[PDB]
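**Student:** what's the 3D shape of this:
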Amino acid sequence: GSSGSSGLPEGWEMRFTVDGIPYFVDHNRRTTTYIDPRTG
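**Tutor:** Residues are numbered from 1 along each chain as shown. Sharing the structure here:
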């Protein structure tokens, strides 16, 4: 359902692939990773 911004750091973004997988996108680093930034 409707989702917002939990609380990610600067640069780290929250998005989901066509399938709907939990992944983050970095604007500064310009990279993609599956591992969560907060948790690690």
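
**Student:** Nearest residue to the residue nearest the centre of the chain in space, please, no chain neighbours.
**Tutor:** Among the residues of the chain, the one closest to the centroid is residue 24, at 2.0 Å (C-alpha atoms, centre = their mean). With C-beta to C-beta, 6 or more residues apart in numbering as the criterion, residue 24 has its nearest non-adjacent residue at 5.3 Å, and that residue is residue 12. For every residue, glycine as well, the C-beta is placed using N, CA and C.

**Student:** Over to residue 5?
**Tutor:** Spatial nearest neighbour of residue 5, chain neighbours left out: residue 14 (6.7 Å); criterion: C-beta to C-beta, 6+ apart.

**Student:** surely the one you found meets residue 7?
**Tutor:** No - Residue 14 sits out of contact with residue 7 when judged by C-beta atoms under 8 Å, with a separation of 9.9 Å.

**Student:** Those two - which one has more neighbours?
**Tutor:** More crowded of residue 14 and residue 7, by other C-beta atoms under 10 Å: residue 14, with 16 against 7.

**Student:** Within its sheet, name the partner strands of the helix or strand hosting the more buried one and how each one runs.
**Tutor:** In the assignment (DSSP states H and E), residue 14 maps to strand 12-16. Strand pairing for strand 12-16, determined by DSSP bridges: strand 22-26 (antiparallel).
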